[PDB]
Structures are given as C-alpha cells and as structure tokens.
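To start, the structure itself, in structure tokens.
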Amino acid sequence: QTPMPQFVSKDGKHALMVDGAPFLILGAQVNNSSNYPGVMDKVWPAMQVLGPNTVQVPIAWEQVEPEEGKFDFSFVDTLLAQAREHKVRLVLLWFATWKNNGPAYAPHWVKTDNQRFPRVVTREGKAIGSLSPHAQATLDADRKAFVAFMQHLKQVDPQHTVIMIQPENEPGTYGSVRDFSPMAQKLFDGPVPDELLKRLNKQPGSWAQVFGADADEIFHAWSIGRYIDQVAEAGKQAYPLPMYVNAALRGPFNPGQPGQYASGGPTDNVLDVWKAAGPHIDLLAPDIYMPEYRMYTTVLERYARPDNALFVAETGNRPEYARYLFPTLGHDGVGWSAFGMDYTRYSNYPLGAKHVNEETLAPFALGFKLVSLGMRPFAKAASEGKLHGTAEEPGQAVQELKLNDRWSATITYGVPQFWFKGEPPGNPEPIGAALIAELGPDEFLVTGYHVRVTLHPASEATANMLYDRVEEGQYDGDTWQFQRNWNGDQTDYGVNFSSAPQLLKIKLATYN
Numbered sequence: 044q045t046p047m048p049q050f051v052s053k054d055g056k057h058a059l060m061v062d063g064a065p066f067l068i069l070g071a072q073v074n075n076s077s078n079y080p081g082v083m084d085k086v087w088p089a090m091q092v093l094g095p096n097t098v099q100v101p102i103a104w105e106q107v108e109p110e111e112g113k114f115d116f117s118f119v120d121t122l123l124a125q126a127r128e129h130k131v132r133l134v135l136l137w138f139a140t141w142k143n144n145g146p147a148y149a150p151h152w153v154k155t156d157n158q159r160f161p162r163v164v165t166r167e168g169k170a171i172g173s174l175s176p177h178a179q180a181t182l183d184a185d186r187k188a189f190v191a192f193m194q195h196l197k198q199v200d201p202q203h204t205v206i207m208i209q210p211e212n213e214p215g216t217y218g219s220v221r222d223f224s225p226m227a228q229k230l231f232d233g234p235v236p237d238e239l240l241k242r243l244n245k246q247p248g249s250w251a252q253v254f255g256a257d258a259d260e261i262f263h264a265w266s267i268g269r270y271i272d273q274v275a276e277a278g279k280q281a282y283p284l285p286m287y288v289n290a291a292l293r294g295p296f297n298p299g300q301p302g303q304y305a306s307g308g309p310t311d312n313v314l315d316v317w318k319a320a321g322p323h324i325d326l327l328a329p330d331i332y333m334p335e336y337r338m339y340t341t342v343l344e345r346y347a348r349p350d351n352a353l354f355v356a357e358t359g360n361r362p363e364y365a366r367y368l369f370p371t372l373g374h375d376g377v378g379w380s381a382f383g384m385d386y387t388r389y390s391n392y393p394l395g396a397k398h399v400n401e402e403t404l405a406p407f408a409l410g411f412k413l414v415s416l417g418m419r420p421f422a423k424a425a426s427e428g429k430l431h432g433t434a435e436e437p438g439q440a441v442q443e444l445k446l447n448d449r450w451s452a453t454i455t456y457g458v459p460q461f462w463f464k465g466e467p468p469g470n471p472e473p474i475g476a477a478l479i480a481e482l483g484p485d486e487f488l489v490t491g492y493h494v495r496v497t498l499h500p501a502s503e504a505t506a507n508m509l510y511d512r513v514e515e516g517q518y519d520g521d522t523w524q525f526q527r528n529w530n531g532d533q534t535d536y537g538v539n540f541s542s543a544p545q546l547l548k549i550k551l552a553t554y555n
C-alpha cells in the first residue's frame with residue numbers, strides 16, 4: 044500500500060514524504076480568485092507550459108460553508124479530478140479566519156456579524172479589519188469547517204493528490220500590534236503560559252513583566268499561533284496531512300505590500316514563539332516578494348533552521364525571481380513555489396509580472412523542467428543534507444561551493460562555453476543558477492542555466508583530477524536513463540549550461 048504524505052524531521056534533516064519517498068515541491072500558485080470551476084480553463088493551460096509538480100489553490104471558507112452547517116465541497120471534488128488529469132499534486136490553502144490579516148474569505152454569516160465574531164480593537168478603541176484570536180466562537184466555527192474539509196478530503200483523495208494543507212493565509216494584523224479589547228487585555232494581564240516560558244527560558248510573570256517592550260507583539264504571535272494550532276490539531280485528527288503557516292515579511296523585506304506592517308504572523312523575530320505555540324504546525328514558510336539577492340538569501344537563511352524545513356510558499360513571478368529556486372532547494376528543505384501563475388489576465392505588478400503568458404513563463408518553466416529530470420534523487424539528496432544550490436548575484440561573476448572533503452565547485456556566470464580571455468563578466472542581467480547533489484564521494488548530479496560549473500579538487504589527495512563519466516540523461520523515477528557522455532570541448536572548460544533542458548550525472552576519478 045502506498046503510504047499517505049508525511050512530514051519527517053530528525054536531527055536537522057527533513058523530508059516531505061510523498062508516496063513513500065522524499066519529494067521536492069516545484070510549485071505554482073494560482074491567483075486569489077481562481078478557485079471556481081468556471082475559471083479553471085484559465086489555469087490548466089498555464090500549468091501545461093510551466094510544468095510545476097505541485098499547484099497551490101485556495102479553498103475558501105465562504106465557498107465551502109456558504110450558510111452555517113450547509114457544506115459544499117463540490118469545488119474540491121472538481122479540482123482533484125483535474126489535478127489528476129493534468130498530472131500535478133495539490134497544496135490546498137484554507138482561506139478562513141485570516142487571509143492577509145483579514146476575514147474577507149469568511150462566510151457572510153461570519154464576517155458581517157461582529158458581535159459573534161469580533162474584530163481586533165486598537166488602543167484608541169476602534170475595530171479594524173482583522174478577527175480577534177481570543178474569541179471562542181470564531182475558533183470553534185473555523186475549526187468545525189476545517190474538520191469537515193479534512194474529513195471530506197480523506198474520503199475523496201485516497202490517491203493522495205493533495206500533499207499539504209495551509210491553514211489560514213498570512214495571519215496577523217495590519218492596524219494594531221495586538222488586540223486591546225477588554226477580552227484581550229484580561230489575558231495580557233494574566234500569567235505567561237509555562238510552555239512558552241520553558242522555550243524562551245524565562246522566569247514566571249505576566250506578559251508585560253516577562254517580555255517588557257516586546258510583550259504586545261509576542262502576546263499576539265502566541266495567541267494567533269495557539270488558535271491555528273488548535274485548527275490544525277483537529278484537522279489532523281480527521282486526516283493527518285502535513286500542514287504549514289505562511290508569513291508576510293516585515294519592512295524592507297516586504298516593500299511592495301501593506302503586509303510589511305503586520306503584527307503576529309511567524310516573522311523571523313517570533314519563530315520560537317510560534318514553534319512553542321504550534322506543535323501541530325509542521326513548518327513556518329516565508330512569502331518572499333523582494334528581488335534583491337542579499338535580502339532574498341538572508342530570508343532563506345533565517346527560515347532554514349534545524350527545527351524548520353525551508354519552504355518558500357510564495358514568491359514573485361517577474362523573471363528575476365526564477366533563479367532563487369536553486370538556492371532555496373540548496374537549504375535542503377521541501378521546496379519553492381511562484382505566485383500568480385494563470386491566464387486570468389490579472390497582474391500584481393509592480394510586485395509581479397505585467398503579463399502572464401507562454402513567453403513570460405519560460406524562465407520559470409526551465410528550472411522546473413531541470414529539477415523534474417531528476418526530482419526524486421534530488422529530493423533524496425536534500426533529505427540527507429547533500430543538495431547544493433546557488434543563484435547569480437549582480438556584480439559577482441564567480442562563486443565557490445564546497446561539496447565534500449574531496450571536491451568543490453567553481454560557479455562562473457556569463458562566460459563562453461569555450462576557452463576565453465579576460466575577466467568573467469557576469470550575465471547581462473543576473474539570471475544564472477546551479478544545482479548540485481552529492482550522490483557519492485566522487486559522484487554528483489549537476490544542472491543549471493546561464494552558468495559554468497567547474498568541479499575541482501578540495502584536497503591534495505584529489506589533485507590529479509579526471510572525469511570518469513559526464514553522462515547526460517534523466518531519471519524515470521529512480522532509474523537513470525543514459526543519453527550520451529560529454530567529453531572533449533564539452534568538458535575542457537568545466538561543464539557549461541545555456542538554457543537547454545540538460546541534467547548531468549558526473550563521476551570523478553584520479554590518475555594513479
């Protein structure tokens with residue numbers, strides 16, 4: 044029997060297990076209103092070009108429980124059938140109590156009834172467009188619908204088309220650091236829970252006593268984390284798929300959205316608070332909409348932790364974003380997904396692309412194609428901490444990757460595929476990237492674009508380097524299929540990639 048999807052993490056190594064082996068998500072997310080049968084013909088032809096292995100689709104509380112107690116999962120059924128037909132897996136996004144801080148996707152009977160389902164209140168006493176995490180009614184209602192959803196999924200998806208769930212979407216609050224309602228203030232005045240004190244190694248006290256100036260934000264983060272953890276807990280009792288929460292980043296890390304001002308989500312300053320609050324939440328995923336290299340790679344480093352597998356749940360769909368797939372995979376987490384990938388003729392420019400079409404998909408499609416040529420062995424390498432990835436930084440034409448005790452790799456951008464004089468110039472725009480998996484001490488899987496990879500000795504022991512084999516080919520599952528051996532011009536100057544769909548399995552040797 045094929046096992047259900049499972050998230051495994053042990054001693055700083057992680058795997059998203061799908062059909063019994065590690066899996067790397069090569070993801071595409073449709074636009075926010077592309078979750079109805081009548082618009083799916085604007086989705087699948089885009090996915091046909093892009094070739095993701097996983098598609099993220101919203102499942103809206105307003106569409107599955109339009110009247111309280113009257114559930115309608117017909118769109119889930121339709122979407123499952125289509126995903127199977129188009130040969131992709133799914134990640135379903137539960138748009139419920141929070142979507143970008145707000146209740147807009149909650150049913151009419153929730154979002155219009157502030158007496159039953161109360162909004163956060165500011166210090167000055169005004170309600171703002173974010174539901175309070177302290178209200179029992181709201182939690183009970185979100186949780187009941189999420190349980191009905193997971194129970195349905197178990198029944199209709201024995202194929203395991205759906206591999207993860209995202210409960211809520213960028214939870215948090217824009218217009219206030221926390222809830223200042225009497226209901227909230229009563230809790231804030233109370234003692235910090237022992238669970239949190241233990242995680243942060245703090246002595247007992249009220250929230251203000253323990254955390255001082257940072258009490259408001261830490262309180263809100265804990266409170267939202269506990270809310271979603273209870274939703275996730277109940278959902279997993281029904282059907283234990285992996286689950287994650289996604290974070291709006293702060294300030295200059297999120298310069299193009301109002302969410303840059305959000306409090307209470309799993310931002311880099313409250314990750315430990317969220318780990319303590321959310322044992323039923325498998326990982327905390329960043330949404331990265333800043334194209335600058337040092338900033339982007341800093342986010343990857345901050346979210347990639349021994350206790351947190353890196354998943355880039357959302358990122359921009361402008362061409363400069365495509366290359367960040369490889370350094371993301373290089374953190375040996377579970378994958379990367381790009382946002383806004385359909386033909387519905389919507390644009391989130393200036394954040395994203397002005398137009399999504401067959402041409403502007405091309406830079407993203409290439410990376411997905413390259414990893415797909417070897418996805419299961421690449422995923423296995425990630426699960427062992429043996430996957431290396433890098434992308435081009437503007438103004439830096441050369442990078443160095445240490446692979447193991449024996450070998451390293453020089454990464455060179457914008458040079459010919461032949462002998463050349465002068466300095467490496469870099470590509471005209473930063474577009475290059477490489478991916479290298481260690482299969483054995485002398486064997487590597489290598490792919491890339493707009494790049495030269497030059498393997499070379501890391502020690503005196505390997506000084507007399509030779510290529511034993513440089514096999515172009517691909518995997519059918521776990522089975523290598525040989526096409527040709529590169530040699531001569533093709534291996535004289537490292538191995539060079541332009542934009543062709545090529546995967547190399549390279550075995551090194553020495554002469555004795």
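Numbering follows the authors' numbering, with no gaps: position 325 of the sequence shown is 368. Yeah, the Cβ is synthetic: ideal placement off N, Cα and C, and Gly gets one too.
Going by the CB atoms, is the gap between residue j and residue i shorter than 8 Å?
| i | j | result |
| --- | --- | --- |
| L409 | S542 | yes |
| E514 | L551 | no |
| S249 | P234 | yes |
| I102 | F160 | no |
| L292 | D257 | no |
| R132 | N78 | no |
| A328 | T358 | no |
| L446 | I474 | no |
| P214 | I267 | yes |
| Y282 | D325 | no |
| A440 | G483 | no |
| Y217 | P301 | yes |
| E427 | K130 | no |
| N360 | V414 | no |
| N289 | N391 | no |
Whose C-beta lies closer than 8 Å to the C-beta of residue i among residues of the same chain, with five residues either side of it excluded?
| i | result |
| --- | --- |
| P471 | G457 |
| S219 | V163, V164, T165, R166, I171, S173 and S306 |
| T505 | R449, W450, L551 and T553 |
| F118 | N78, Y79, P80, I102, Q106 and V107 |
| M60 | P46, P48, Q49, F50, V51 and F66 |
So what does residue i bridge to, in DSSP terms?
| i | result |
| --- | --- |
| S451 | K445 and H499 |
| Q439 | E436 |
| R132 | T97 |
| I102 | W137 |
| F525 | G516 |
| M207 | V134 |
Please return the same chain residues whose Cβ sits closer than 7 Å to the Cβ of residue i, not counting the five positions on each side in sequence.
| i | result |
| --- | --- |
| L182 | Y270 and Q273 |
| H374 | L343, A347 and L353 |
| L93 | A71, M384, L404, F407, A408 and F411 |
| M508 | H499, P500, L551 and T553 |
| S52 | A352 |
| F254 | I261 |
What is the residue span of the beta strand (DSSP E) that residue i lies within?
| i | result |
| --- | --- |
| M508 | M508 to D519 |
| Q72 | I68 to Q72 |
| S224 | Where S224 is concerned, there is no enclosing beta strand (DSSP E), given that its DSSP letter is neither H nor E. |
| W379 | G378 to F382 |
| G483 | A476 to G483 |
| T553 | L547 to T553 |
| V164 | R162 to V164 |
| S266 | Element bounds for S266: not the beta strand (DSSP E) but the alpha helix (DSSP H), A258 to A281. |
Go through its chain and collect everything with a Cβ distance to residue i's Cβ below 6 Å, but skip five positions before and after it.
| i | result |
| --- | --- |
| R221 | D259, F262 and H263 |
| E363 | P334 |
| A434 | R366, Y367, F369, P370 and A476 |
| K85 | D385, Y386 and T387 |
| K245 | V253 |
Taking the continuous alpha helix (DSSP H) assigned at residue i, which residues delimit it?
| i | result |
| --- | --- |
| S415 | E401 to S415 |
| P420 | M418 to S426 |
| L372 | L368 to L372 |
| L353 | Premise fails: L353 is in no alpha helix (DSSP H) and is neither H nor E. |
| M193 | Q179 to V199 |
| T340 | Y336 to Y346 |
| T534 | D532 to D535 |
| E238 | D237 to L243 |
| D315 | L314 to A320 |
Do you know whose CA, among the options, lies nearest residue i's CA?
| i | options | result |
| --- | --- | --- |
| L239 | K318, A281 and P285 | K318 |
| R186 | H203, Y492, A149 and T453 | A149 |
| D448 | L488, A347, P500 and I206 | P500 |
| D532 | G145, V61 and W462 | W462 |
| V134 | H177, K142 and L123 | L123 |
| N528 | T522, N539, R512 and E108 | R512 |
| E111 | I267, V153, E128 and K85 | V153 |
| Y536 | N555, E503 and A452 | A452 |
| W87 | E401, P437, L413 and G516 | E401 |
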